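Heads up, my_file23.txt below (compact mmCIF, N, CA and C atoms):
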# COMPACT_ATOMS: atom_id res chain seq x y z
N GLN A 1 -30.61 -127.37 51.55
CA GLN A 1 -31.27 -126.11 51.85
C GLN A 1 -32.62 -126.01 51.14
N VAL A 2 -33.48 -125.12 51.63
CA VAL A 2 -34.82 -124.94 51.09
C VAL A 2 -35.02 -123.45 50.83
N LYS A 3 -35.75 -123.11 49.77
CA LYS A 3 -36.13 -121.73 49.47
C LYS A 3 -37.60 -121.54 49.80
N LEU A 4 -37.91 -120.43 50.46
CA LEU A 4 -39.25 -120.19 51.00
C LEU A 4 -39.84 -118.93 50.39
N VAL A 5 -41.09 -119.01 49.94
CA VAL A 5 -41.79 -117.87 49.33
C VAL A 5 -43.18 -117.78 49.94
N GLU A 6 -43.43 -116.70 50.70
CA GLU A 6 -44.74 -116.51 51.32
C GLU A 6 -45.70 -115.81 50.38
N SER A 7 -46.99 -116.12 50.55
CA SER A 7 -48.05 -115.46 49.80
C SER A 7 -49.24 -115.25 50.72
N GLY A 8 -50.17 -114.39 50.28
CA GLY A 8 -51.44 -114.23 50.95
C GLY A 8 -51.61 -112.92 51.69
N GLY A 9 -50.56 -112.11 51.81
CA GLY A 9 -50.69 -110.85 52.53
C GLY A 9 -51.71 -109.92 51.89
N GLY A 10 -52.33 -109.11 52.72
CA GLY A 10 -53.35 -108.19 52.24
C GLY A 10 -54.07 -107.56 53.41
N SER A 11 -55.25 -107.02 53.11
CA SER A 11 -56.03 -106.30 54.11
C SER A 11 -57.18 -107.16 54.60
N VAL A 12 -57.61 -106.89 55.83
CA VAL A 12 -58.71 -107.62 56.46
C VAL A 12 -59.33 -106.70 57.51
N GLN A 13 -60.65 -106.75 57.62
CA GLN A 13 -61.33 -106.01 58.68
C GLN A 13 -61.17 -106.73 60.01
N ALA A 14 -61.09 -105.94 61.08
CA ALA A 14 -61.11 -106.50 62.42
C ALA A 14 -62.26 -107.48 62.59
N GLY A 15 -61.96 -108.64 63.16
CA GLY A 15 -62.91 -109.72 63.28
C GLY A 15 -62.90 -110.70 62.12
N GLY A 16 -62.20 -110.40 61.03
CA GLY A 16 -62.19 -111.24 59.86
C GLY A 16 -61.13 -112.33 59.93
N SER A 17 -60.91 -112.96 58.78
CA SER A 17 -59.97 -114.05 58.64
C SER A 17 -59.05 -113.78 57.46
N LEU A 18 -57.83 -114.31 57.56
CA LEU A 18 -56.87 -114.22 56.47
C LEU A 18 -55.94 -115.41 56.58
N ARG A 19 -55.57 -115.99 55.43
CA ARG A 19 -54.73 -117.17 55.39
C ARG A 19 -53.44 -116.86 54.63
N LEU A 20 -52.31 -117.15 55.25
CA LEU A 20 -51.02 -117.03 54.59
C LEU A 20 -50.52 -118.42 54.21
N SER A 21 -49.71 -118.45 53.17
CA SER A 21 -49.10 -119.68 52.68
C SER A 21 -47.61 -119.44 52.51
N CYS A 22 -46.84 -120.52 52.57
CA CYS A 22 -45.43 -120.46 52.22
C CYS A 22 -45.08 -121.70 51.43
N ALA A 23 -44.58 -121.49 50.21
CA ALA A 23 -44.16 -122.58 49.35
C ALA A 23 -42.66 -122.81 49.54
N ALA A 24 -42.29 -124.07 49.75
CA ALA A 24 -40.92 -124.45 50.03
C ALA A 24 -40.38 -125.21 48.83
N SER A 25 -39.24 -124.77 48.31
CA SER A 25 -38.59 -125.42 47.18
C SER A 25 -37.36 -126.15 47.67
N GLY A 26 -37.22 -127.41 47.29
CA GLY A 26 -36.10 -128.22 47.72
C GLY A 26 -36.52 -129.66 47.90
N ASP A 27 -35.57 -130.47 48.36
CA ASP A 27 -35.71 -131.92 48.32
C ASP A 27 -36.54 -132.46 49.48
N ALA A 28 -36.09 -132.22 50.71
CA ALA A 28 -36.57 -132.96 51.87
C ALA A 28 -37.48 -132.08 52.72
N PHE A 29 -38.62 -131.70 52.13
CA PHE A 29 -39.60 -130.85 52.81
C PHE A 29 -39.98 -131.40 54.18
N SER A 30 -40.22 -132.71 54.26
CA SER A 30 -40.72 -133.32 55.48
C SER A 30 -39.70 -133.31 56.61
N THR A 31 -38.45 -132.94 56.34
CA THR A 31 -37.43 -132.91 57.38
C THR A 31 -37.34 -131.56 58.09
N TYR A 32 -38.07 -130.54 57.65
CA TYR A 32 -37.88 -129.20 58.20
C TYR A 32 -38.90 -128.88 59.29
N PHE A 33 -38.40 -128.31 60.39
CA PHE A 33 -39.24 -127.48 61.24
C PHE A 33 -39.59 -126.22 60.48
N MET A 34 -40.88 -125.89 60.44
CA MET A 34 -41.40 -124.73 59.72
C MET A 34 -42.12 -123.85 60.73
N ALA A 35 -41.76 -122.57 60.77
CA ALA A 35 -42.28 -121.67 61.77
C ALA A 35 -42.76 -120.38 61.13
N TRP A 36 -43.72 -119.73 61.79
CA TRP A 36 -44.17 -118.41 61.39
C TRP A 36 -43.77 -117.38 62.44
N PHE A 37 -43.30 -116.23 61.95
CA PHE A 37 -42.88 -115.09 62.75
C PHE A 37 -43.58 -113.84 62.23
N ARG A 38 -43.62 -112.82 63.07
CA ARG A 38 -44.11 -111.53 62.62
C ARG A 38 -43.28 -110.42 63.24
N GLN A 39 -43.23 -109.29 62.54
CA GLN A 39 -42.56 -108.10 63.06
C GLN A 39 -43.52 -106.94 62.91
N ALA A 40 -44.00 -106.45 64.02
CA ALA A 40 -44.89 -105.31 64.05
C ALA A 40 -44.06 -104.03 64.15
N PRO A 41 -44.62 -102.89 63.71
CA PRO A 41 -43.86 -101.63 63.74
C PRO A 41 -43.23 -101.32 65.10
N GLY A 42 -41.91 -101.18 65.11
CA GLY A 42 -41.19 -100.82 66.32
C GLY A 42 -41.14 -101.88 67.39
N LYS A 43 -41.20 -103.16 67.02
CA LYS A 43 -41.05 -104.26 67.96
C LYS A 43 -40.13 -105.31 67.34
N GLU A 44 -39.55 -106.15 68.20
CA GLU A 44 -38.69 -107.21 67.69
C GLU A 44 -39.52 -108.32 67.07
N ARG A 45 -38.86 -109.11 66.22
CA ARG A 45 -39.53 -110.21 65.55
C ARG A 45 -40.03 -111.23 66.56
N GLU A 46 -41.32 -111.58 66.45
CA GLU A 46 -42.04 -112.42 67.41
C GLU A 46 -42.33 -113.78 66.78
N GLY A 47 -41.96 -114.86 67.48
CA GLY A 47 -42.33 -116.20 67.03
C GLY A 47 -43.77 -116.51 67.38
N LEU A 48 -44.46 -117.18 66.45
CA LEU A 48 -45.91 -117.40 66.55
C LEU A 48 -46.30 -118.87 66.62
N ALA A 49 -45.72 -119.71 65.77
CA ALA A 49 -46.14 -121.09 65.65
C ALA A 49 -45.01 -121.86 65.00
N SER A 50 -44.84 -123.12 65.41
CA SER A 50 -43.82 -123.97 64.83
C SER A 50 -44.36 -125.39 64.71
N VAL A 51 -44.30 -125.96 63.50
CA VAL A 51 -44.71 -127.34 63.26
C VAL A 51 -43.48 -128.24 63.24
N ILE A 52 -43.60 -129.40 63.87
CA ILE A 52 -42.51 -130.35 64.01
C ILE A 52 -42.54 -131.29 62.81
N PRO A 53 -41.40 -131.65 62.22
CA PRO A 53 -41.40 -132.60 61.10
C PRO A 53 -42.18 -133.86 61.44
N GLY A 54 -43.09 -134.22 60.54
CA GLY A 54 -44.14 -135.18 60.83
C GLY A 54 -45.46 -134.56 61.22
N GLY A 55 -45.47 -133.26 61.51
CA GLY A 55 -46.67 -132.53 61.86
C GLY A 55 -47.36 -133.01 63.12
N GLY A 56 -46.75 -133.94 63.86
CA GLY A 56 -47.45 -134.58 64.96
C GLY A 56 -47.82 -133.65 66.10
N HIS A 57 -47.09 -132.54 66.26
CA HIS A 57 -47.37 -131.55 67.29
C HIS A 57 -47.03 -130.18 66.73
N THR A 58 -47.70 -129.15 67.25
CA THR A 58 -47.45 -127.77 66.84
C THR A 58 -47.55 -126.86 68.05
N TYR A 59 -46.59 -125.96 68.20
CA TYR A 59 -46.53 -125.03 69.33
C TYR A 59 -47.07 -123.66 68.91
N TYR A 60 -47.73 -122.97 69.85
CA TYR A 60 -48.31 -121.65 69.60
C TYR A 60 -47.96 -120.67 70.71
N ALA A 61 -47.59 -119.45 70.32
CA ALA A 61 -47.42 -118.37 71.27
C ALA A 61 -48.76 -118.01 71.90
N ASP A 62 -48.71 -117.54 73.15
CA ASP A 62 -49.94 -117.22 73.87
C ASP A 62 -50.73 -116.11 73.18
N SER A 63 -50.05 -115.23 72.44
CA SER A 63 -50.69 -114.09 71.80
C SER A 63 -51.63 -114.48 70.66
N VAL A 64 -51.54 -115.71 70.17
CA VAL A 64 -52.32 -116.13 69.01
C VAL A 64 -53.07 -117.44 69.27
N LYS A 65 -53.01 -117.96 70.49
CA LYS A 65 -53.67 -119.24 70.77
C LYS A 65 -55.17 -119.15 70.52
N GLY A 66 -55.72 -120.21 69.93
CA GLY A 66 -57.14 -120.27 69.62
C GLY A 66 -57.57 -119.51 68.38
N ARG A 67 -56.72 -118.62 67.85
CA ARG A 67 -57.03 -117.81 66.68
C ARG A 67 -56.22 -118.19 65.45
N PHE A 68 -54.96 -118.57 65.64
CA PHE A 68 -54.08 -118.93 64.53
C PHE A 68 -53.90 -120.44 64.50
N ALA A 69 -53.86 -121.01 63.30
CA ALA A 69 -53.71 -122.44 63.10
C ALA A 69 -52.73 -122.71 61.96
N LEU A 70 -51.70 -123.50 62.24
CA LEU A 70 -50.63 -123.79 61.30
C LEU A 70 -50.80 -125.21 60.76
N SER A 71 -50.72 -125.37 59.43
CA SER A 71 -50.89 -126.68 58.79
C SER A 71 -49.90 -126.87 57.65
N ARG A 72 -49.81 -128.11 57.15
CA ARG A 72 -48.87 -128.51 56.11
C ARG A 72 -49.60 -129.28 55.02
N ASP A 73 -49.14 -129.13 53.78
CA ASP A 73 -49.54 -129.98 52.65
C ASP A 73 -48.24 -130.46 52.02
N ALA A 74 -47.78 -131.63 52.44
CA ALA A 74 -46.46 -132.12 52.03
C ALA A 74 -46.38 -132.33 50.53
N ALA A 75 -47.47 -132.79 49.92
CA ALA A 75 -47.47 -133.02 48.47
C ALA A 75 -47.26 -131.71 47.72
N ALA A 76 -47.85 -130.62 48.20
CA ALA A 76 -47.66 -129.31 47.59
C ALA A 76 -46.46 -128.57 48.17
N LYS A 77 -45.75 -129.17 49.12
CA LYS A 77 -44.58 -128.55 49.76
C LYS A 77 -44.92 -127.16 50.28
N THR A 78 -46.06 -127.04 50.96
CA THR A 78 -46.61 -125.76 51.39
C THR A 78 -47.01 -125.82 52.86
N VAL A 79 -46.78 -124.71 53.57
CA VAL A 79 -47.23 -124.54 54.95
C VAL A 79 -48.24 -123.39 54.96
N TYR A 80 -49.24 -123.49 55.83
CA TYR A 80 -50.33 -122.51 55.88
C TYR A 80 -50.53 -121.98 57.29
N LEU A 81 -50.84 -120.69 57.40
CA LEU A 81 -51.18 -120.06 58.67
C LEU A 81 -52.56 -119.44 58.52
N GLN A 82 -53.57 -120.08 59.12
CA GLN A 82 -54.92 -119.55 59.11
C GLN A 82 -55.09 -118.64 60.32
N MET A 83 -55.48 -117.39 60.10
CA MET A 83 -55.69 -116.45 61.19
C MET A 83 -57.16 -116.06 61.23
N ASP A 84 -57.82 -116.31 62.36
CA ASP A 84 -59.22 -115.96 62.55
C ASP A 84 -59.34 -114.92 63.65
N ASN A 85 -60.41 -114.13 63.59
CA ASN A 85 -60.65 -113.03 64.53
C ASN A 85 -59.42 -112.14 64.67
N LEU A 86 -59.00 -111.59 63.53
CA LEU A 86 -57.87 -110.69 63.48
C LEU A 86 -58.19 -109.37 64.18
N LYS A 87 -57.16 -108.78 64.77
CA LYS A 87 -57.27 -107.56 65.56
C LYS A 87 -56.23 -106.57 65.05
N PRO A 88 -56.45 -105.27 65.27
CA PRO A 88 -55.49 -104.28 64.75
C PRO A 88 -54.05 -104.54 65.16
N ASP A 89 -53.83 -105.17 66.31
CA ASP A 89 -52.48 -105.47 66.78
C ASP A 89 -51.86 -106.70 66.12
N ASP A 90 -52.59 -107.38 65.25
CA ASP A 90 -52.00 -108.41 64.39
C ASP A 90 -51.39 -107.82 63.13
N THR A 91 -51.51 -106.52 62.91
CA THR A 91 -50.87 -105.88 61.77
C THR A 91 -49.36 -106.00 61.90
N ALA A 92 -48.72 -106.56 60.88
CA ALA A 92 -47.29 -106.86 60.93
C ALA A 92 -46.85 -107.39 59.58
N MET A 93 -45.53 -107.44 59.39
CA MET A 93 -44.94 -108.26 58.34
C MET A 93 -44.77 -109.68 58.85
N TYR A 94 -45.29 -110.65 58.11
CA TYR A 94 -45.24 -112.05 58.50
C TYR A 94 -44.19 -112.80 57.69
N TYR A 95 -43.42 -113.65 58.37
CA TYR A 95 -42.35 -114.41 57.74
C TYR A 95 -42.49 -115.88 58.09
N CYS A 96 -42.16 -116.73 57.13
CA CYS A 96 -41.98 -118.15 57.37
C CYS A 96 -40.48 -118.45 57.40
N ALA A 97 -40.08 -119.37 58.29
CA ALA A 97 -38.69 -119.73 58.46
C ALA A 97 -38.58 -121.24 58.64
N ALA A 98 -37.40 -121.78 58.34
CA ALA A 98 -37.20 -123.23 58.38
C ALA A 98 -35.84 -123.61 58.96
N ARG A 99 -35.81 -124.81 59.56
CA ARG A 99 -34.58 -125.40 60.07
C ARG A 99 -34.70 -126.91 60.09
N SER A 100 -33.66 -127.59 59.60
CA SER A 100 -33.59 -129.05 59.70
C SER A 100 -32.51 -129.56 60.65
N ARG A 101 -31.44 -128.80 60.89
CA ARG A 101 -30.35 -129.34 61.70
C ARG A 101 -30.78 -129.47 63.16
N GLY A 102 -30.28 -130.52 63.81
CA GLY A 102 -30.61 -130.80 65.19
C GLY A 102 -29.79 -129.97 66.15
N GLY A 103 -29.84 -130.38 67.41
CA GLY A 103 -29.08 -129.76 68.47
C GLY A 103 -29.95 -129.02 69.47
N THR A 104 -29.32 -128.07 70.16
CA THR A 104 -29.96 -127.29 71.22
C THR A 104 -30.38 -125.95 70.64
N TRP A 105 -31.68 -125.66 70.66
CA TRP A 105 -32.21 -124.45 70.03
C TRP A 105 -33.64 -124.24 70.47
N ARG A 106 -34.18 -123.07 70.14
CA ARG A 106 -35.47 -122.60 70.65
C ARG A 106 -36.43 -122.33 69.49
N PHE A 107 -37.62 -122.92 69.57
CA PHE A 107 -38.50 -123.03 68.40
C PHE A 107 -39.25 -121.77 68.06
N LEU A 108 -39.37 -120.81 68.98
CA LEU A 108 -39.99 -119.54 68.64
C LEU A 108 -38.98 -118.39 68.62
N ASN A 109 -37.69 -118.70 68.51
CA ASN A 109 -36.61 -117.72 68.53
C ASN A 109 -36.10 -117.54 67.10
N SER A 110 -36.29 -116.34 66.57
CA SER A 110 -35.90 -116.03 65.19
C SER A 110 -34.44 -116.34 64.93
N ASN A 111 -33.59 -116.15 65.94
CA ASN A 111 -32.15 -116.31 65.77
C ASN A 111 -31.75 -117.74 65.50
N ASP A 112 -32.62 -118.71 65.78
CA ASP A 112 -32.24 -120.10 65.63
C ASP A 112 -32.69 -120.73 64.31
N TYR A 113 -33.43 -120.02 63.46
CA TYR A 113 -33.85 -120.56 62.18
C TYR A 113 -32.87 -120.22 61.08
N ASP A 114 -32.69 -121.16 60.15
CA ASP A 114 -31.67 -121.01 59.12
C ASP A 114 -32.19 -120.35 57.84
N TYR A 115 -33.39 -120.69 57.40
CA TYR A 115 -33.86 -120.29 56.08
C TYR A 115 -35.09 -119.42 56.24
N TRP A 116 -35.19 -118.39 55.40
CA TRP A 116 -36.19 -117.35 55.58
C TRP A 116 -36.86 -117.02 54.27
N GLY A 117 -38.16 -116.75 54.33
CA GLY A 117 -38.86 -116.17 53.21
C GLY A 117 -38.65 -114.67 53.15
N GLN A 118 -39.39 -114.03 52.25
CA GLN A 118 -39.22 -112.61 52.00
C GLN A 118 -40.17 -111.74 52.81
N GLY A 119 -41.14 -112.35 53.47
CA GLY A 119 -42.13 -111.54 54.16
C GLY A 119 -43.37 -111.31 53.33
N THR A 120 -44.51 -111.29 54.01
CA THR A 120 -45.77 -110.86 53.40
C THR A 120 -46.53 -110.04 54.44
N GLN A 121 -47.08 -108.90 54.03
CA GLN A 121 -47.64 -107.94 54.98
C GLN A 121 -49.13 -108.18 55.22
N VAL A 122 -49.56 -108.05 56.48
CA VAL A 122 -50.98 -108.11 56.86
C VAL A 122 -51.37 -106.80 57.54
N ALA A 123 -52.47 -106.19 57.10
CA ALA A 123 -52.99 -104.98 57.73
C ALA A 123 -54.44 -105.20 58.14
N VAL A 124 -54.74 -104.92 59.41
CA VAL A 124 -56.07 -105.13 59.96
C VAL A 124 -56.72 -103.77 60.17
N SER A 125 -57.79 -103.49 59.42
CA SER A 125 -58.52 -102.24 59.55
C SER A 125 -59.69 -102.39 60.52
N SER A 126 -60.17 -101.25 61.01
CA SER A 126 -61.28 -101.28 61.97
C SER A 126 -62.47 -100.48 61.45
Encoding of this model in structure tokens:
Amino acid sequence: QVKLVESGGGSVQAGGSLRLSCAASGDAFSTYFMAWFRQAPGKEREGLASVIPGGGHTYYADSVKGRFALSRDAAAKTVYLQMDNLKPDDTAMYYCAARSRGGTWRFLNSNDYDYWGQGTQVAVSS
């Protein structure tokens, strides 16, 4: 198992940039699918991006394509979500989640991830 701690939440003006990080504690960092989710007020948790072990490919939800970029630093056991051109509707609690076990499952579905961080909040002002 892996323990996840997100950082970087804060305020940003519309049109600005903000970067979130998640530090993963545990043995086999490179074996985990690592994903970012968000929960906006009064909506269900939305999957945003998922990196495949090896980082060779990364999937993005249509709502964040071209603006959000997910990366890994395996030596630092850290995953990063760079958000550019933020909009008021990106205001949400952001979560990082992880899964290593195989099988049949869906990469942007919150219900299929095993390990969760605590959340970090982003607020976009105008």
Q | Separation of CA of residue 90 (chain A) from CA of residue 25 (chain A) in Å | A |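 One can read the CA of residue 25 (chain A) to CA of residue 90 (chain A) distance as 27.7 Å.
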Q: Could you please determine the separation between CA of residue 38 (chain A) and CA of residue 110 (chain A) in Å, to one decimal place?
A: 9.7 Å
Q: Output as a list in words all residues of chain A that backbone DSSP marks as helix (DSSP H, G or I).
A: residues 29, 30, 31, 62, 63, 64, 88, 89, 90, 110, 111 and 112 of chain A
Q) Rounded to one decimal in Å, what is the spacing between atom C of residue 66 (chain A) and atom N of residue 111 (chain A)? A) 24.3 Å
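Nearest residue to residue 81 (chain A), choosing from A:36, A:105, A:116, A:60 and counting only N, CA and C atoms: A:36.
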Q) When distances are computed from only N, CA and C atoms, which of A:84, A:112, A:62, A:27 shows the smallest separation from residue 2 (chain A)? A) A:27
Q. A:109, A:30, A:104, A:120: which is nearest residue 92 (chain A), counting only C-alpha atoms?
A.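 Selected residue with least distance to residue 92 (chain A): A:120.
Of the listed residues A:52, A:46, A:5, A:73, the one whose atoms come nearest to residue 31 (chain A) is A:52, with distances taken using all atoms listed in the file.
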**Q.** Nearest to residue 124 (chain A), chosen from A:42, A:53, A:15, A:47, with only N, CA and C atoms counted in the distances
**A.**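 Nearest candidate to residue 124 (chain A) out of A:42, A:53, A:15, A:47: A:15.
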Q) Which neighbours of residue 82 (chain A) fall inside 7 Å, counting only N, CA and C atoms, when residues of the same chain fewer than 5 positions from it are skipped, and could you give them as a list in words? A)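 Selected residues are residues 17, 18, 19, 20, 67, 68, 69, 70 and 71 of chain A.
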Put those residues in a file: N, CA and C atoms, as a short mmCIF file (atom, residue, chain, number, x, y, z; two decimals), in the frame of the given file.
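Ended up saving to selection-v9.cif:
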data_model
loop_
_atom_site.label_atom_id
_atom_site.label_comp_id
_atom_site.auth_asym_id
_atom_site.auth_seq_id
_atom_site.Cartn_x
_atom_site.Cartn_y
_atom_site.Cartn_z
N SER A 17 -60.91 -112.96 58.78
CA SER A 17 -59.97 -114.05 58.64
C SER A 17 -59.05 -113.78 57.46
N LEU A 18 -57.83 -114.31 57.56
CA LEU A 18 -56.87 -114.22 56.47
C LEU A 18 -55.94 -115.41 56.58
N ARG A 19 -55.57 -115.99 55.43
CA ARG A 19 -54.73 -117.17 55.39
C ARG A 19 -53.44 -116.86 54.63
N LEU A 20 -52.31 -117.15 55.25
CA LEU A 20 -51.02 -117.03 54.59
C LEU A 20 -50.52 -118.42 54.21
N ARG A 67 -56.72 -118.62 67.85
CA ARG A 67 -57.03 -117.81 66.68
C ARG A 67 -56.22 -118.19 65.45
N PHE A 68 -54.96 -118.57 65.64
CA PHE A 68 -54.08 -118.93 64.53
C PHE A 68 -53.90 -120.44 64.50
N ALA A 69 -53.86 -121.01 63.30
CA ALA A 69 -53.71 -122.44 63.10
C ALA A 69 -52.73 -122.71 61.96
N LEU A 70 -51.70 -123.50 62.24
CA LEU A 70 -50.63 -123.79 61.30
C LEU A 70 -50.80 -125.21 60.76
N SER A 71 -50.72 -125.37 59.43
CA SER A 71 -50.89 -126.68 58.79
C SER A 71 -49.90 -126.87 57.65
#
